[PDB]
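Novice: Below you'll find the structure I mean.
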Amino acid sequence: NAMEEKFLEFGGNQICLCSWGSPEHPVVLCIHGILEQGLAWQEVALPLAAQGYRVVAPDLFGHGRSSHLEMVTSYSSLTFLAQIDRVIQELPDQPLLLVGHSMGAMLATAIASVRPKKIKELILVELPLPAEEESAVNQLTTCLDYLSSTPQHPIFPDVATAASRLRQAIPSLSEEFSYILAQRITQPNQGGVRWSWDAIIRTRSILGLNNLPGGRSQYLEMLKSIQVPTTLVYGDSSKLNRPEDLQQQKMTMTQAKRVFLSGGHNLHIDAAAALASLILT
Amino acid sequence: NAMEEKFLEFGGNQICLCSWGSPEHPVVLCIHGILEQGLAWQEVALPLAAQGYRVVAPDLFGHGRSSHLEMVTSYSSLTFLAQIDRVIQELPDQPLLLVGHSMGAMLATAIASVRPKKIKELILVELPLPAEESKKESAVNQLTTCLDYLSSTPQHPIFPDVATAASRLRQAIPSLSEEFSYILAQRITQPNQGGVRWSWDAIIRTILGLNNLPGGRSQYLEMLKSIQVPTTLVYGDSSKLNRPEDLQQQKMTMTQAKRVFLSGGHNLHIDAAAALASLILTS
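Quick mapping for you: the protein sequence lines, in order, are chains C and P. Last residue of the first sequence: 281 (the numbering used here), numbering continuous. Last residue of the second sequence: 1283 (the numbering used here), numbering continuous.
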C-alpha cells in the first residue's frame, strides 16, 4: 500500500522515484507539474495500485527529493525530458500508461511524440497552451540577470505552517495530505523550516520551463503528431485555459478524447478518484 | 611570457582561465570556437601581452582544462553565455576588448548585446550566420535524434601518441606550426586504453543545437542590429564560412560595424595571428 522511494543516478545527479503497488504489475508513469513532487500523485495512485497497477512518479530535478542542479542553466525542458527518458529506460520494456499534469502534461506530450512504441495510452491533465510569440536581447538580459540572482525561501515556524500554505494554494487538500506533502519538501533552517525544492524554479517562465526545446512551433507540431491513444482531461472550473485555448487544443489534437472532471486546475487533488477511474478506463 | 592558468568555480564546475601578460594591464577577453581551447589564442596573445595588455581566454565548459558537464543537457549556448558573463564579473570593472572566433564570435555578440557598458570594442572574427531554416515540420524528428544522442556515450579515438594527435590538429589547420600543433595537443590529450585520447568532452562534437541560440536566422539578425558597442567584423579573404550573401547580410544588419579582410581562411587566429593582434591594438 505505502509509497516506496528509490534513487536512480543520472548525469551526476539523483532522481527520486516514488512508487506504489507490486513491482511486477503494469506501469502507470505519472509526471507532476511545477513546484510539486511525485508524492502529489498519491490520491490517484492508491486506487490504481489497488487495481493491479505499478504507479511510478519521479520527482523532477529541483523538486521533491531529487537533486538540485548546481548550474542554473541546466534547468530546461530538455533536461526534464532527458530525465523522464532515463526513467523509462529503467522501467520494464512493455508499453505503459503515461499521465502528466500541467507542465508534466507538456513534458508527457513531448515524450509520447518521441517514444510512441513505449506509450500504450497518454493522459494529459490540464495541458497548457504555450506562450504566443519583445526582442530576444531584452529576453536574454532578463534571463542572465535572473540566473545570477540567488533566490531564497522564507523561514516558516514549523511544518504545519508549510502545510497550511499548500492548503491555501490547493483548498481541496485534506489537512493530513497537506502535511504529508509539506513534510517531504521542507528542511530545518534558521530556527524554523523552509521549502527544500530549488528556489530558482519559482520563476519558471524566465527559466523557459513553460516551453519545449524547440519553442511553440515544436509544441504545436508535437500535439498534432501524437500517434498514441490520448485523452485530454480538464477541470470544469479551471482557469488555466480560456475557451479559445480549449478550442485550439481540440482543433489541433483532433483524435484525442476530451473529458471534463469536477475541479479546478489541480485535478490530481480535486478529483483524484475520478481521474484514477478515467485512467482505469 | 608563458601562459598562466587560473581556475574559477561556477555552478559546481571549474572554469580554466588562460592568461598572458601582467594582471594589472587592460584586458583583452578572447572566446575560442567549438572544439578548441583558450591556448589556441596564444599566437594572437603574445604580441598583445608584449604591448601591455592582459589577454584572458577562458576554456568553454567541456573544452581545454575546464570541467566537463556531467549532465549532457547542460551543454547549451545559454550555459556558455552564463559562463562568459561569470568570467566578466571576475575581471576588473573597466570596459574591455572582447574578441571571439566562429562560435566564440556568436557568443561574443550575445554577451555584448547583454552587457554593452562592459565592452570597449567588439571584434568578431569569422562570425557565422544561422542558415535559413526549412518550414517543413521536423521538430519531432529533431528531438528524437537529440534525445538518442544525449543518451549515447560517444568514445574518442585512441591515438598511439601525442604526435599523432598533433598531426590531426595540423591537418585541420595547415598554417599551424609543428611546434604550436604539439603544444595544443599536449594540453588536450590524456592516457587511455593503451594510447592517448582527447581530454575535451566527446559529447560536444555534434544535433545538440550548441552552435546557436533559440530564435533562428531572423531573430539573430535582430540581435546583431541591436549591438550598440563599437564593432569590427573580421573575415578571412579565403574563408568559405560566409557566402557573398552572408557577408552582405552582416554588412546590411550591422551598418555601423567596421569591416576588415585579413589574409587567410577561417582560422585567422592561426593563419593571420600577428595581423589580428595588430587590428586589436588599433581599436
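Even for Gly, the Cβ is constructed at its ideal location relative to N, Cα and C.
#1: Does residue 1114(P) come within less than 8 Å of chain C when only Cβ atoms are used?
#2: Could one say the Cβ of residue 1260(P) lies closer than 8 Å to chain C's Cβ atoms, at least one of them?
#3: Would a check of beta-carbon distances place residue 217(C) closer than 8 Å to chain P?
#4: Tell me the rounded alpha-carbon separation between residue 300(C) and residue 232(C).
#5: Within 10 Å of its beta-carbon, does residue 1059(P) have 16 or more other beta-carbons around it, so buried, or fewer, so exposed?
#6: Just checking my contact of residue 74(C) with residue 211(C) at CB under 8 Å: how many whole Å lie between their CB atoms?
#7: Please identify the residue among 216(C), 152(C), 251(C) whose C-alpha is closest to the C-alpha of residue 110(C).
#8: Tell me, to the nearest whole angstrom, how far the beta carbon of residue 1065(P) is from that of residue 1016(P); I am working on the premise that it is less than 8 Å.
#9: Can you tell which of 279(C), 278(C), 272(C) has its C-alpha closest to the C-alpha of residue 44(C)?
#10: With H, G and I counted as helix, E and B as strand and the rest as coil, what does DSSP make of residue 1197(P)?
#11: Terminal residues of the continuous alpha helix (DSSP H) containing residue 1244(P)?
#12: Taking its Cβ as the centre, do 16 or more other Cβ atoms sit within 10 Å of residue 128(C), making it buried, or is it exposed?
#13: How big is the Cα-Cα spacing for residue 132(C) and residue 1096(P)?
#14: What residues in the stretch 1135-1151 of chain P bring their beta carbon closer than 8 Å to a beta carbon of chain D?
#15: Can you list the alpha helix (DSSP H) stretches of 4 or more residues lying completely in the stretch 1130-1178 of chain P, in chain order?
#16: If contact is defined by three or more beta carbon pairs under 8 Å, each pair taking one atom from either stretch, is the stretch 1150-1165 of chain P in contact with the stretch 1192-1206 of chain P?
#17: Using three-state DSSP, classify residue 61(C) as helix, strand or coil.
#18: Spatial neighbours of residue 225(C) within its chain, please: C-beta separation below 6 Å, excluding the five flanking residues on both sides.
#19: Do you know offhand how far residue 219(C)'s Cα is from residue 213(C)'s?
#20: Considering residue 43(C), what are the terminal residues of the alpha helix (DSSP H) in which it resides?
#21: Identify, in the order they occur along the chain, each residue of the same chain with its Cβ nearer than 7 Å to the Cβ of residue 1277(P), setting aside the five sequence neighbours on each side.
#22: Under 8 Å, Cβ to Cβ, is there at least one residue of chain P near residue 161(C)?
#23: Residue 1007(P): buried (16+ other C-beta within 10 angstroms of its C-beta) or exposed?
#24: When you check each C-beta in the stretch 199-218 of chain C against every C-beta of chain P, which residues fall closer than 7 Å?
#25: Residues of the stretch 1099-1127 of chain P in Cβ contact with chain C at a cutoff of 8 Å, in chain order, please.
#26: Look at the Cβ atom of residue 1231(P), then the Cβ atom of residue 1256(P), and state whether they are nearer than 8 Å.
#27: Please classify residue 1194(P) as buried or exposed, where buried requires at least 16 other C-beta atoms within 10 Å of its C-beta.
#28: Give the residues of chain P in contact with residue 12(C), contact being defined as C-beta atoms less than 7 Å apart.
#29: Between residue 161(C) and the rest of its own chain, which residues show a CB-CB distance below 7 Å, the 5 nearest in sequence each way excluded?
#30: What residues from chain P crowd round residue 79(C), counting only those whose CB sits closer than 8 Å?
#31: If you follow the beta strand (DSSP E) that residue 1229(P) is in, where does it begin and where does it stop?
#32: Taking just the CA atoms, how far does residue 9(C) sit from residue 1099(P)?
#33: In the DSSP assignment, find the beta strand (DSSP E) that holds residue 1019(P) and state where it starts and stops.
#34: Return the CA-CA distance between residue 1282(P) and residue 1120(P), expressed in angstroms with no decimal places.
#35: Quick one: measure Cβ to Cβ for residue 11(C) and residue 1070(P), integer angstroms, because I've assumed they're closer than 8 Å.
#36: Taking CB distances under 8 Å as the criterion, tell me whether residue 66(C) reaches chain P.
Specialist: Result, derived from the coordinates:
#1: Yes, residue 1114(P) counts as interfacial toward chain C.
#2: No, because no Cβ of chain C sits closer than 8 Å to the Cβ of residue 1260(P).
#3: Yes, contact with chain P.
#4: Absent from the model: residue 300(C). The displayed extent of chain C is 1 to 281, so no value can be given.
#5: Buried.
#6: Wrong, their Cβ atoms sit about 16 Å apart, outside the cutoff.
#7: Among 216(C), 152(C), 251(C), the Cα nearest to that of residue 110(C) is on 216(C).
#8: By a beta-carbon distance limit of 8 Å, residue 1065(P) contacts residue 1016(P). Their separation comes to about 4 Å.
#9: If we check each option's Cα against that of residue 44(C), 272(C) comes out closest.
#10: Look at residue 1197(P) here: in three-state DSSP terms it is strand.
#11: 1244-1253 is the span of the alpha helix (DSSP H), which, as asked, contains residue 1244(P).
#12: By the neighbour-count rule (16 or more Cβ atoms within 10 Å), residue 128(C) is buried.
#13: Between residue 132(C) and residue 1096(P), the alpha-carbon positions lie close to 38 Å from each other.
#14: Reference to chain D is not applicable here, since the protein chains of this structure are C and P.
#15: Qualifying alpha helix (DSSP H) stretches, in chain order: 1139-1150, 1162-1172.
#16: As far as the Cβ criterion goes, the stretch 1192-1206 of chain P touches the stretch 1150-1165 of chain P, which means the pair count is three or higher.
#17: Residue state for residue 61(C) is assigned as coil, using DSSP reduced to three classes.
#18: Only 113 meet the Cβ criterion.
#19: Residue 219(C) and residue 213(C): Cα-Cα distance of roughly 9 Å.
#20: It spans 42-50 - the alpha helix (DSSP H) in which residue 43(C) sits, taken as one unbroken run.
#21: 1044, 1047, 1048, listed in sequence order.
#22: Look at residue 161(C): its C-beta is not under 8 Å from any C-beta on chain P.
#23: Residue burial is scored here from C-beta neighbours: residue 1007(P) has fewer than 16 other C-beta atoms within 10 angstroms and is therefore classed as exposed.
#24: From the stretch 199-218 of chain C, only 213, 214, 215, 217, 218 have a Cβ closer than 7 Å to chain P.
#25: Within the stretch 1099-1127 of chain P, the residues whose Cβ lies closer than 8 Å to some Cβ of chain C are 1110, 1113, 1114, listed in chain order.
#26: Yes, Cβ-Cβ distance for residue 1231(P) and residue 1256(P) is below 8 Å.
#27: Exposed, since its Cβ has fewer than 16 Cβ neighbours within 10 Å.
#28: Against residue 12(C), the close residues of chain P are 1070, 1071, in the order they occur along the chain (beta-carbon pairs closer than 7 Å).
#29: For residue 161(C), where only same-chain residues beyond five positions count, there are no Cβ hits under 7 Å.
#30: The answer, in chain order, is 1071, 1073, 1074.
#31: Residue 1229(P) -> no beta strand (DSSP E), and no H or E assigned at all.
#32: Going from the Cα of residue 1099(P) to the Cα of residue 9(C) covers about 39 Å.
#33: It spans 1013-1020 - the beta strand (DSSP E) in which residue 1019(P) sits, taken as one unbroken run.
#34: Rounded to whole angstroms, the gap between the alpha carbons of residue 1282(P) and residue 1120(P) is 12 Å.
#35: Indeed, because the Cβ distance is near 5 Å, the residues count as touching under 8 Å.
#36: Using beta-carbon distances, residue 66(C) does not count as an interface residue toward chain P, since no partner is under 8 Å.
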